[PDB]
file data-v6.cif (mmCIF, C-alpha atoms)
data_query
#
loop_
_atom_site.label_atom_id
_atom_site.label_comp_id
_atom_site.auth_asym_id
_atom_site.auth_seq_id
_atom_site.Cartn_x
_atom_site.Cartn_y
_atom_site.Cartn_z
CA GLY H 156 -111.10 23.40 -128.94
CA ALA H 157 -111.94 26.57 -127.03
CA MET H 158 -111.21 25.75 -123.39
CA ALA H 159 -108.81 26.45 -120.53
CA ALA H 160 -106.48 23.88 -118.97
CA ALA H 161 -105.79 25.48 -115.59
CA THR H 162 -103.69 27.99 -113.65
CA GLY H 163 -101.31 25.62 -111.88
CA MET H 164 -101.06 21.84 -112.10
CA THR H 165 -98.79 19.88 -109.76
CA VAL H 166 -98.21 16.27 -110.80
CA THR H 167 -96.29 13.92 -108.50
CA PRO H 168 -95.49 10.55 -110.11
CA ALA H 169 -93.86 7.54 -108.45
CA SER H 170 -90.37 8.00 -109.90
CA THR H 171 -88.85 4.65 -108.93
CA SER H 172 -88.22 1.04 -109.94
CA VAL H 173 -90.67 -1.87 -110.08
CA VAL H 174 -90.58 -5.67 -110.23
CA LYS H 175 -91.69 -7.57 -113.34
CA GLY H 176 -95.45 -7.98 -113.13
CA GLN H 177 -95.87 -5.17 -110.61
CA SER H 178 -97.15 -1.62 -111.10
CA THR H 179 -96.94 1.81 -109.47
CA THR H 180 -99.32 4.75 -109.09
CA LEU H 181 -98.93 8.40 -110.07
CA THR H 182 -100.65 11.33 -108.36
CA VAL H 183 -101.85 14.53 -110.02
CA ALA H 184 -102.93 17.85 -108.52
CA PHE H 185 -104.53 21.00 -109.92
CA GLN H 186 -105.05 24.41 -108.30
CA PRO H 187 -106.38 26.75 -111.02
CA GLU H 188 -108.60 28.70 -108.61
CA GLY H 189 -111.19 29.51 -111.26
CA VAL H 190 -111.26 26.63 -113.74
CA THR H 191 -111.98 23.55 -111.64
CA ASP H 192 -112.21 21.07 -114.51
CA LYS H 193 -110.14 18.00 -115.39
CA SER H 194 -108.92 19.05 -118.83
CA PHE H 195 -105.56 17.29 -118.55
CA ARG H 196 -104.67 13.65 -119.17
CA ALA H 197 -101.89 11.06 -119.04
CA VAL H 198 -100.21 8.73 -121.54
CA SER H 199 -97.21 6.45 -122.01
CA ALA H 200 -94.10 7.68 -123.81
CA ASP H 201 -93.36 4.27 -125.33
CA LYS H 202 -96.05 1.79 -124.29
CA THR H 203 -93.75 -0.96 -125.54
CA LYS H 204 -92.56 -2.14 -122.13
CA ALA H 205 -95.17 -0.76 -119.73
CA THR H 206 -98.86 0.14 -119.53
CA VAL H 207 -100.56 3.26 -118.19
CA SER H 208 -104.09 4.05 -117.01
CA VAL H 209 -105.19 7.41 -115.61
CA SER H 210 -108.26 7.70 -113.39
CA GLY H 211 -109.30 10.10 -110.64
CA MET H 212 -105.95 11.89 -110.69
CA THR H 213 -104.41 8.43 -110.31
CA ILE H 214 -102.37 6.89 -113.11
CA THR H 215 -101.26 3.28 -112.64
CA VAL H 216 -98.11 2.15 -114.45
CA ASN H 217 -97.34 -1.52 -115.08
CA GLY H 218 -93.90 -2.86 -115.94
CA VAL H 219 -94.65 -5.28 -118.76
CA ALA H 220 -90.97 -5.80 -119.55
CA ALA H 221 -87.65 -4.78 -118.00
CA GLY H 222 -86.53 -1.25 -118.84
CA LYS H 223 -87.19 2.43 -118.20
CA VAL H 224 -90.48 3.87 -119.44
CA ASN H 225 -91.36 7.57 -119.34
CA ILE H 226 -94.89 8.91 -118.83
CA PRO H 227 -95.50 12.55 -119.86
CA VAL H 228 -98.60 14.62 -119.12
CA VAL H 229 -100.69 17.06 -121.17
CA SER H 230 -102.97 19.76 -119.77
CA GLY H 231 -105.57 21.41 -121.97
CA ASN H 232 -103.89 22.49 -125.20
CA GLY H 233 -100.35 22.24 -123.85
CA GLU H 234 -100.59 24.75 -121.01
CA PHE H 235 -99.25 22.52 -118.24
CA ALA H 236 -97.35 19.23 -118.43
CA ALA H 237 -95.38 16.70 -116.38
CA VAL H 238 -92.75 13.99 -116.78
CA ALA H 239 -92.22 10.69 -114.96
CA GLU H 240 -90.07 7.56 -115.20
CA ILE H 241 -90.68 3.98 -114.08
CA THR H 242 -87.89 1.40 -114.07
CA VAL H 243 -88.73 -2.26 -114.69
CA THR H 244 -86.60 -5.07 -113.28
CA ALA H 245 -86.08 -8.10 -115.52
CA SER H 246 -86.67 -10.18 -112.39
#

call {"tool": "encode", "arguments": {"input": "data-v6.cif", "output": "structure tokens"}}
result
Amino acid sequence: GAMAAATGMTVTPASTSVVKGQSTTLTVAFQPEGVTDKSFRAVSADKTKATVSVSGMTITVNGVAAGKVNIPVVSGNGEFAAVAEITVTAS
């Protein structure tokens, strides 16, 4: 409850398309300069046509079904955030 997210988080997703059955990887960066603590996290916006798994500042996105799936990001209590999109080809 009582914590601090950070003082500057730079998330750089894949932002691109993918083939059915494939998956991409998103990168996350943080430069608080005083906090030094992973208080942020990732999550799928739909999770109905793609999976997501964050780990070590690396979030892998799988294209279960064809379509565009967004993947937002929350830091602390809403301090910082990010947005990404992964297209899935029916083929």

call {"tool": "resolve_selection", "arguments": {"input": "data-v6.cif", "expression": "the PyMOL selection byres ((chain H and resi 234-236) around 10)", "output": "list in words"}}
result
residues 159, 160, 161, 162, 163, 164, 165, 166, 185, 195, 196, 197, 227, 228, 229, 230, 231, 232, 233, 237 and 238 of chain H

call {"tool": "closest_residue", "arguments": {"input": "data-v6.cif", "among": "H:245, H:184, H:157, H:239", "to": "residue 216 in chain H", "atoms": "only C-alpha atoms"}}
result
H:239

call {"tool": "closest_residue", "arguments": {"input": "data-v6.cif", "among": "H:199, H:177, H:171, H:246", "to": "residue 214 in chain H", "atoms": "all atoms listed in the file"}}
result
H:199

call {"tool": "resolve_selection", "arguments": {"input": "data-v6.cif", "expression": "the PyMOL selection byres ((chain H and resi 176) around 8)", "output": "list in words"}}
result
residues 174, 175, 177, 178, 217, 218 and 219 of chain H

call {"tool": "write_last_selection", "arguments": {"input": "data-v6.cif", "atoms": "C-alpha atoms", "output": "PDB file, keeping the file's coordinate frame"}}
result
ATOM      1  CA  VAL H 174     -90.580  -5.670-110.230  1.00  0.00           C
ATOM      2  CA  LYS H 175     -91.690  -7.570-113.340  1.00  0.00           C
ATOM      3  CA  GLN H 177     -95.870  -5.170-110.610  1.00  0.00           C
ATOM      4  CA  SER H 178     -97.150  -1.620-111.100  1.00  0.00           C
ATOM      5  CA  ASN H 217     -97.340  -1.520-115.080  1.00  0.00           C
ATOM      6  CA  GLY H 218     -93.900  -2.860-115.940  1.00  0.00           C
ATOM      7  CA  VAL H 219     -94.650  -5.280-118.760  1.00  0.00           C
TER       8      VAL H 219
END

call {"tool": "atom_distance", "arguments": {"input": "data-v6.cif", "atom1": "CA of residue 187 in chain H", "atom2": "CA of residue 200 in chain H"}}
result
26.0 Å

call {"tool": "residues_near_point", "arguments": {"input": "data-v6.cif", "point": "(-95.7, 7.6, -106.0)", "cutoff": "7 Å", "atoms": "only C-alpha atoms", "output": "PDB file with C-alpha atoms, in the frame of the given file"}}
result
ATOM      1  CA  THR H 167     -96.290  13.920-108.500  1.00  0.00           C
ATOM      2  CA  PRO H 168     -95.490  10.550-110.110  1.00  0.00           C
ATOM      3  CA  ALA H 169     -93.860   7.540-108.450  1.00  0.00           C
ATOM      4  CA  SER H 170     -90.370   8.000-109.900  1.00  0.00           C
ATOM      5  CA  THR H 179     -96.940   1.810-109.470  1.00  0.00           C
ATOM      6  CA  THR H 180     -99.320   4.750-109.090  1.00  0.00           C
ATOM      7  CA  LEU H 181     -98.930   8.400-110.070  1.00  0.00           C
ATOM      8  CA  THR H 182    -100.650  11.330-108.360  1.00  0.00           C
TER       9      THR H 182
END

call {"tool": "resolve_selection", "arguments": {"input": "data-v6.cif", "expression": "the PyMOL selection byres ((chain H and resi 242) around 6)", "output": "list in words"}}
result
residues 172, 173, 222, 223, 241 and 243 of chain H

call {"tool": "closest_residue", "arguments": {"input": "data-v6.cif", "among": "H:220, H:191, H:244, H:226", "to": "residue 208 in chain H", "atoms": "all atoms listed in the file"}}
result
H:226

call {"tool": "closest_residue", "arguments": {"input": "data-v6.cif", "among": "H:224, H:158, H:190, H:183", "to": "residue 204 in chain H", "atoms": "only C-alpha atoms"}}
result
H:224

call {"tool": "atom_distance", "arguments": {"input": "data-v6.cif", "atom1": "CA of residue 225 in chain H", "atom2": "CA of residue 201 in chain H"}}
result
7.1 Å

call {"tool": "atom_distance", "arguments": {"input": "data-v6.cif", "atom1": "CA of residue 186 in chain H", "atom2": "CA of residue 210 in chain H"}}
result
17.8 Å

call {"tool": "build_atoms", "arguments": {"input": "data-v6.cif", "residues": "range 180-205 of chain H", "atoms": "N, CA and C atoms", "output": "PDB file, keeping the file's coordinate frame"}}
result
ATOM      1  N   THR H 180     -98.205   3.815-108.972  1.00  0.00           N
ATOM      2  CA  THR H 180     -99.320   4.750-109.090  1.00  0.00           C
ATOM      3  C   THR H 180     -98.829   6.192-109.053  1.00  0.00           C
ATOM      4  N   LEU H 181     -99.312   6.998-109.992  1.00  0.00           N
ATOM      5  CA  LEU H 181     -98.930   8.400-110.070  1.00  0.00           C
ATOM      6  C   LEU H 181    -100.049   9.305-109.570  1.00  0.00           C
ATOM      7  N   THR H 182     -99.676  10.384-108.886  1.00  0.00           N
ATOM      8  CA  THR H 182    -100.650  11.330-108.360  1.00  0.00           C
ATOM      9  C   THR H 182    -100.598  12.653-109.106  1.00  0.00           C
ATOM     10  N   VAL H 183    -101.764  13.254-109.320  1.00  0.00           N
ATOM     11  CA  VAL H 183    -101.850  14.530-110.020  1.00  0.00           C
ATOM     12  C   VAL H 183    -102.678  15.537-109.235  1.00  0.00           C
ATOM     13  N   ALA H 184    -102.230  16.788-109.234  1.00  0.00           N
ATOM     14  CA  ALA H 184    -102.930  17.850-108.520  1.00  0.00           C
ATOM     15  C   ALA H 184    -103.149  19.062-109.418  1.00  0.00           C
ATOM     16  N   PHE H 185    -104.206  19.817-109.138  1.00  0.00           N
ATOM     17  CA  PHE H 185    -104.530  21.000-109.920  1.00  0.00           C
ATOM     18  C   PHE H 185    -105.140  22.089-109.040  1.00  0.00           C
ATOM     19  N   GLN H 186    -104.564  23.285-109.097  1.00  0.00           N
ATOM     20  CA  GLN H 186    -105.050  24.410-108.300  1.00  0.00           C
ATOM     21  C   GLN H 186    -105.188  25.662-109.160  1.00  0.00           C
ATOM     22  N   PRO H 187    -106.129  25.627-110.115  1.00  0.00           N
ATOM     23  CA  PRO H 187    -106.380  26.750-111.020  1.00  0.00           C
ATOM     24  C   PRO H 187    -107.015  27.940-110.301  1.00  0.00           C
ATOM     25  N   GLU H 188    -107.917  27.650-109.369  1.00  0.00           N
ATOM     26  CA  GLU H 188    -108.600  28.700-108.610  1.00  0.00           C
ATOM     27  C   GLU H 188    -109.511  29.516-109.516  1.00  0.00           C
ATOM     28  N   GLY H 189    -110.282  28.826-110.352  1.00  0.00           N
ATOM     29  CA  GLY H 189    -111.190  29.510-111.260  1.00  0.00           C
ATOM     30  C   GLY H 189    -111.677  28.605-112.374  1.00  0.00           C
ATOM     31  N   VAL H 190    -110.899  27.573-112.681  1.00  0.00           N
ATOM     32  CA  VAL H 190    -111.260  26.630-113.740  1.00  0.00           C
ATOM     33  C   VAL H 190    -112.011  25.434-113.175  1.00  0.00           C
ATOM     34  N   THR H 191    -111.373  24.718-112.255  1.00  0.00           N
ATOM     35  CA  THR H 191    -111.980  23.550-111.640  1.00  0.00           C
ATOM     36  C   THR H 191    -112.600  22.631-112.689  1.00  0.00           C
ATOM     37  N   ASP H 192    -111.748  21.976-113.469  1.00  0.00           N
ATOM     38  CA  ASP H 192    -112.210  21.070-114.510  1.00  0.00           C
ATOM     39  C   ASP H 192    -111.057  20.227-115.053  1.00  0.00           C
ATOM     40  N   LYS H 193    -111.173  18.911-114.912  1.00  0.00           N
ATOM     41  CA  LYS H 193    -110.140  18.000-115.390  1.00  0.00           C
ATOM     42  C   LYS H 193    -110.022  18.051-116.905  1.00  0.00           C
ATOM     43  N   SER H 194    -109.127  18.904-117.394  1.00  0.00           N
ATOM     44  CA  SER H 194    -108.920  19.050-118.830  1.00  0.00           C
ATOM     45  C   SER H 194    -107.611  18.394-119.259  1.00  0.00           C
ATOM     46  N   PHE H 195    -106.833  17.944-118.279  1.00  0.00           N
ATOM     47  CA  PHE H 195    -105.560  17.290-118.550  1.00  0.00           C
ATOM     48  C   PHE H 195    -105.730  15.785-118.685  1.00  0.00           C
ATOM     49  N   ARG H 196    -104.642  15.095-119.011  1.00  0.00           N
ATOM     50  CA  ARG H 196    -104.670  13.650-119.170  1.00  0.00           C
ATOM     51  C   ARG H 196    -103.265  13.063-119.127  1.00  0.00           C
ATOM     52  N   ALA H 197    -103.180  11.738-119.079  1.00  0.00           N
ATOM     53  CA  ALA H 197    -101.890  11.060-119.040  1.00  0.00           C
ATOM     54  C   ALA H 197    -101.726  10.122-120.231  1.00  0.00           C
ATOM     55  N   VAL H 198    -100.505   9.639-120.433  1.00  0.00           N
ATOM     56  CA  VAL H 198    -100.210   8.730-121.540  1.00  0.00           C
ATOM     57  C   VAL H 198     -98.774   8.236-121.478  1.00  0.00           C
ATOM     58  N   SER H 199     -98.546   7.038-122.005  1.00  0.00           N
ATOM     59  CA  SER H 199     -97.210   6.450-122.010  1.00  0.00           C
ATOM     60  C   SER H 199     -96.343   7.069-123.094  1.00  0.00           C
ATOM     61  N   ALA H 200     -95.038   7.111-122.848  1.00  0.00           N
ATOM     62  CA  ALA H 200     -94.100   7.680-123.810  1.00  0.00           C
ATOM     63  C   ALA H 200     -93.656   6.636-124.827  1.00  0.00           C
ATOM     64  N   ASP H 201     -93.754   5.366-124.448  1.00  0.00           N
ATOM     65  CA  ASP H 201     -93.360   4.270-125.330  1.00  0.00           C
ATOM     66  C   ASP H 201     -94.488   3.248-125.455  1.00  0.00           C
ATOM     67  N   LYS H 202     -94.978   2.777-124.315  1.00  0.00           N
ATOM     68  CA  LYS H 202     -96.050   1.790-124.290  1.00  0.00           C
ATOM     69  C   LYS H 202     -95.609   0.486-124.943  1.00  0.00           C
ATOM     70  N   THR H 203     -94.301   0.249-124.953  1.00  0.00           N
ATOM     71  CA  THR H 203     -93.750  -0.960-125.540  1.00  0.00           C
ATOM     72  C   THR H 203     -93.121  -1.856-124.480  1.00  0.00           C
ATOM     73  N   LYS H 204     -93.125  -1.383-123.238  1.00  0.00           N
ATOM     74  CA  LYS H 204     -92.560  -2.140-122.130  1.00  0.00           C
ATOM     75  C   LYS H 204     -93.239  -1.769-120.814  1.00  0.00           C
ATOM     76  N   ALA H 205     -94.419  -1.167-120.913  1.00  0.00           N
ATOM     77  CA  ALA H 205     -95.170  -0.760-119.730  1.00  0.00           C
ATOM     78  C   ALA H 205     -96.518  -0.160-120.120  1.00  0.00           C
TER      79      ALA H 205
END
